[PDB]
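S.K.: Just data.pdb, nothing more (PDB, C-alpha atoms):
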ATOM      1  CA  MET A   1     -34.671 -26.715-154.363  1.00  0.00           C
ATOM      2  CA  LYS A   2     -31.696 -28.909-155.258  1.00  0.00           C
ATOM      3  CA  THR A   3     -31.844 -30.316-158.789  1.00  0.00           C
ATOM      4  CA  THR A   4     -31.924 -34.054-159.481  1.00  0.00           C
ATOM      5  CA  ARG A   5     -29.161 -33.663-162.064  1.00  0.00           C
ATOM      6  CA  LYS A   6     -26.820 -32.826-159.184  1.00  0.00           C
ATOM      7  CA  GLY A   7     -28.042 -35.475-156.763  1.00  0.00           C
ATOM      8  CA  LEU A   8     -27.635 -38.178-159.397  1.00  0.00           C
ATOM      9  CA  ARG A   9     -23.974 -37.365-160.031  1.00  0.00           C
ATOM     10  CA  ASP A  10     -23.448 -37.375-156.263  1.00  0.00           C
ATOM     11  CA  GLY A  11     -24.993 -40.831-156.052  1.00  0.00           C
ATOM     12  CA  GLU A  12     -28.223 -40.054-154.215  1.00  0.00           C
ATOM     13  CA  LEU A  13     -30.788 -40.416-157.001  1.00  0.00           C
ATOM     14  CA  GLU A  14     -31.171 -42.964-159.800  1.00  0.00           C
ATOM     15  CA  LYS A  15     -33.184 -43.438-162.993  1.00  0.00           C
ATOM     16  CA  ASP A  16     -35.676 -46.293-163.315  1.00  0.00           C
ATOM     17  CA  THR A  17     -37.088 -48.137-166.328  1.00  0.00           C
ATOM     18  CA  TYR A  18     -39.716 -45.411-166.677  1.00  0.00           C
ATOM     19  CA  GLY A  19     -37.132 -42.697-166.104  1.00  0.00           C
ATOM     20  CA  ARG A  20     -38.445 -42.219-162.574  1.00  0.00           C
ATOM     21  CA  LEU A  21     -35.941 -40.398-160.362  1.00  0.00           C
ATOM     22  CA  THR A  22     -35.867 -42.260-157.046  1.00  0.00           C
ATOM     23  CA  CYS A  23     -33.461 -42.452-154.107  1.00  0.00           C
ATOM     24  CA  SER A  24     -31.135 -45.363-154.874  1.00  0.00           C
ATOM     25  CA  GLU A  25     -30.518 -45.497-151.124  1.00  0.00           C
ATOM     26  CA  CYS A  26     -34.118 -46.476-150.377  1.00  0.00           C
ATOM     27  CA  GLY A  27     -35.063 -48.049-153.695  1.00  0.00           C
ATOM     28  CA  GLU A  28     -38.712 -47.116-153.222  1.00  0.00           C
ATOM     29  CA  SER A  29     -40.195 -44.534-155.591  1.00  0.00           C
ATOM     30  CA  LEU A  30     -40.302 -41.150-153.858  1.00  0.00           C
ATOM     31  CA  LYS A  31     -43.605 -39.315-153.415  1.00  0.00           C
ATOM     32  CA  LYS A  32     -44.116 -36.584-156.013  1.00  0.00           C
ATOM     33  CA  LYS A  33     -45.796 -33.454-154.652  1.00  0.00           C
ATOM     34  CA  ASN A  34     -47.881 -30.920-156.577  1.00  0.00           C
ATOM     35  CA  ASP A  35     -46.029 -28.068-158.282  1.00  0.00           C
ATOM     36  CA  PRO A  36     -48.188 -24.979-158.950  1.00  0.00           C
ATOM     37  CA  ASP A  37     -45.305 -22.562-159.510  1.00  0.00           C
ATOM     38  CA  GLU A  38     -42.823 -25.223-160.621  1.00  0.00           C
ATOM     39  CA  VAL A  39     -43.253 -26.461-164.192  1.00  0.00           C
ATOM     40  CA  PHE A  40     -41.527 -29.762-163.425  1.00  0.00           C
ATOM     41  CA  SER A  41     -41.648 -32.845-161.201  1.00  0.00           C
ATOM     42  CA  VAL A  42     -40.289 -32.902-157.650  1.00  0.00           C
ATOM     43  CA  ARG A  43     -39.050 -35.984-155.797  1.00  0.00           C
ATOM     44  CA  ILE A  44     -39.011 -35.711-152.004  1.00  0.00           C
ATOM     45  CA  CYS A  45     -37.508 -38.453-149.838  1.00  0.00           C
ATOM     46  CA  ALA A  46     -39.571 -38.757-146.658  1.00  0.00           C
ATOM     47  CA  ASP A  47     -37.168 -41.439-145.432  1.00  0.00           C
ATOM     48  CA  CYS A  48     -33.904 -39.608-146.115  1.00  0.00           C
ATOM     49  CA  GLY A  49     -35.371 -36.184-145.403  1.00  0.00           C
ATOM     50  CA  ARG A  50     -34.519 -34.289-148.580  1.00  0.00           C
ATOM     51  CA  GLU A  51     -35.982 -32.971-151.836  1.00  0.00           C
ATOM     52  CA  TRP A  52     -34.922 -32.943-155.489  1.00  0.00           C
ATOM     53  CA  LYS A  53     -36.126 -31.275-158.689  1.00  0.00           C
ATOM     54  CA  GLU A  54     -36.740 -33.670-161.580  1.00  0.00           C
ATOM     55  CA  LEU A  55     -37.079 -32.138-165.046  1.00  0.00           C
ATOM     56  CA  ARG A  56     -39.632 -34.031-167.136  1.00  0.00           C
TER      57      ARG A  56
END
Turn this file's structure into structure tokens for me.
M.R.:
Amino acid sequence: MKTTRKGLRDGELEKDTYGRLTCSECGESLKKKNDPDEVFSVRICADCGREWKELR
């Protein structure tokens, strides 16, 4: 899954006051899904139709 570090530089994701990676295009905080195998957070945009890996 694409990493947030990349999306940010591209201008798709943005950091909030609480360091919450959300799609700057929508503004609304993305829905974080469970990650059993992944040891990090994952932000998926149901509006844009994409996913990003956020390292906490």
S.K.: Can you pull out the residues contacting stretch 41-54 of chain A? Cut-off 10 Å, using only C-alpha atoms, and skip same-chain residues under 6 positions away; I want them as a PyMOL selection string.
M.R.: chain A and resi 1-8+12-13+20-23+25-26+28-35
S.K.: Enclose stretch 25-40 of chain A, meaning all of its atoms listed in the file, in a box aligned along x, y and z, pad it by 8 Å on each side, and list the centre and edge lengths in Å to one decimal, as lines of an AutoDock Vina configuration file.
M.R.:
center_x = -39.4
center_y = -35.3
center_z = -157.3
size_x = 33.7
size_y = 41.5
size_z = 29.8
S.K.: Residues picked by the PyMOL selection byres ((chain A and resi 40) around 6) here, as a list in words?
M.R.: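 Checked against the file, the PyMOL selection byres ((chain A and resi 40) around 6) matches residues 38, 39, 41, 55 and 56 of chain A.
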